[PDB]
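The chain below stands alone, shown as structure tokens; this is the form deposited in one PDB entry.
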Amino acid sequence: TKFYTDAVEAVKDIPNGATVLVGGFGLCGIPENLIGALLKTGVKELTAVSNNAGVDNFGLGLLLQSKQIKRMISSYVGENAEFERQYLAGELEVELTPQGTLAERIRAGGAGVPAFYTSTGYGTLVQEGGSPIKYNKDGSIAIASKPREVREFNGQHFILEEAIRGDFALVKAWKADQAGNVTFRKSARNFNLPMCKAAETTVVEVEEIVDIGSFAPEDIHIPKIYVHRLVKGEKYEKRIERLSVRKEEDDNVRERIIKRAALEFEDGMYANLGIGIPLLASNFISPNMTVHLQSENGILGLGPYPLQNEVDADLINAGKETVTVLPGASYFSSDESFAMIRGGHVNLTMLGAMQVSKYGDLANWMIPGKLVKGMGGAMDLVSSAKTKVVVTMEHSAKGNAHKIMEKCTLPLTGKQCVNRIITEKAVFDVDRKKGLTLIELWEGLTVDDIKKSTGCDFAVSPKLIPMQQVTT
């Protein structure tokens, strides 16, 4: 490992048009010093593979303000006006890539694997092609993503994804011993670890340089062999995107859904809760019951929002909110996180949606010409059969428009992957083959009421009960 004193000196040779890997989830664990060094360097036309676009005024956003980037390969690009700005206006090429696939591809880039099969994205724009890579001053598409090959294994369909590896990697880490061994703190690991292995030249910036022997050999997250260039960051502003604190002393259609979704929790289960209703549902989990919450950005065992003195920029949930962690929790890289999810190790995946098909098709990541912020990890989260996925959403849309239907209108997140639907009016069990059946009806409504608020037809369970709730 070659040590540097100056960040610029370390990235000084990145060529224009180079493919650069940039670690960090949101603003957590981002290489702010190395990114600042690229501003001075002025290198341009970069194809930056990064999970997110940071924020307007910080993180990868800075390189966007300076127009130093031509290609973005990310999973979620929200909360960045200058970005979606450049994206929509056709000033930037973007390859919306499912988070899980992004992590695996990068790992493949460093493990000698040119390509691999994954079910994430099948039956989606990712697999079929047509995803907008570059617009041209119009909703019209200048450059559309291309189809991924499809092959089936053991009766399921998978698509071929090729390894990603850059010329350089800008990873952020916590500590480094004088030999070059690197470790990461809390959820700041995410993409930094895998990216540290998939680039010709790896550049790591650490908060502290400790001497050899400080780390237990079994506990080195990234062995020195992967750290080509190291430098201690000069300035760390611990920028926090969303501050969510709680005090130690704490509508209707939504209250109903939340209280019903809360009943999906079982003792000892592992669940991944999407932003909003599903996450709020966890608040009603019986204190005598214990559920383990997994966070896509690399966490297992997330707790409540932090108290004033618990806020830590290195610990946030998938929604970019400052979080806490319960005892016996654990941290892991993004490739790990998605190996876990993709492998169906999570018991329950609850998330919102805009439309659900009769047989389980899901749509919750894109509204053509109005919502193109990326799919995040949604496509991976519903990619396995060994994982029960239930969507929590209002029964019908603005003006009583069907949300549940024969076929979705909006681009899919995945085919036949929803197992259960929970609205404020009903609860449907959904099956890939026989369709959806009603198993719970809200007190006051009738099968007819549901009949005229559901785009398609459905069976009625002979054991149909009034929809349940749980304030206790």
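Only residues modelled in both forms are compared. So that the term is clear: the rigid core is the largest set of C-alpha atoms that superpose within 1.5 Å between two forms. For every residue, the number given is its place in the sequence shown, counted from 1.
- Coordinates for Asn400 are absent from at least a third of the other compared entries of this protein that model residues on both sides of it.
- At least a third of the other compared entries skip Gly369 while keeping the residues on either side.
- Unmodelled stretch separating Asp138 from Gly139: none (count of deposited-sequence residues without coordinates).
- Taking the PDB entry as given, 454 to 462 carries the higher mean Cα B factor of the two stretches 454 to 462 and 8 to 16.
- Checked against the record, the higher mean CA B factor of 418 to 426 and 49 to 57 lies with 49 to 57.
- Residues shown: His228, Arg107, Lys388, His402. Highest C-alpha temperature factor in the entry: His402.
- Among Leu34, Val447, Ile30, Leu62, the highest C-alpha B-factor recorded in the PDB entry belongs to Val447.
- Among the modelled residues of its chain, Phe284 has a C-alpha B-factor that falls in the highest third, as given in the PDB entry.
- Annotation for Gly435: C-alpha temperature factor in the highest third relative to the rest of the modelled chain, per the entry.
- Among all modelled residues in this chain, the alpha-carbon of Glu264 has a temperature factor (C-alpha) in the middle third.
- Ranked by C-alpha B-factor against the other modelled residues of its chain, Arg148 falls in the middle third.
- Placement of the Cα temperature factor of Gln355 within the chain: highest third of the modelled residues, per the deposited record.
As for the form deposited in another entry, it is not shown, yet the points below apply to it.
- Rigid-core fit between the shown form and the other one: of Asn136, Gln156, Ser214, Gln178, the one residue whose Cα shifts 2 angstroms or more is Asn136.
- Displacement of the C-alpha atoms by 2 Å or more across three or more consecutive residues between the shown form and the other one, following core superposition, is confined to the single run 135 to 142.
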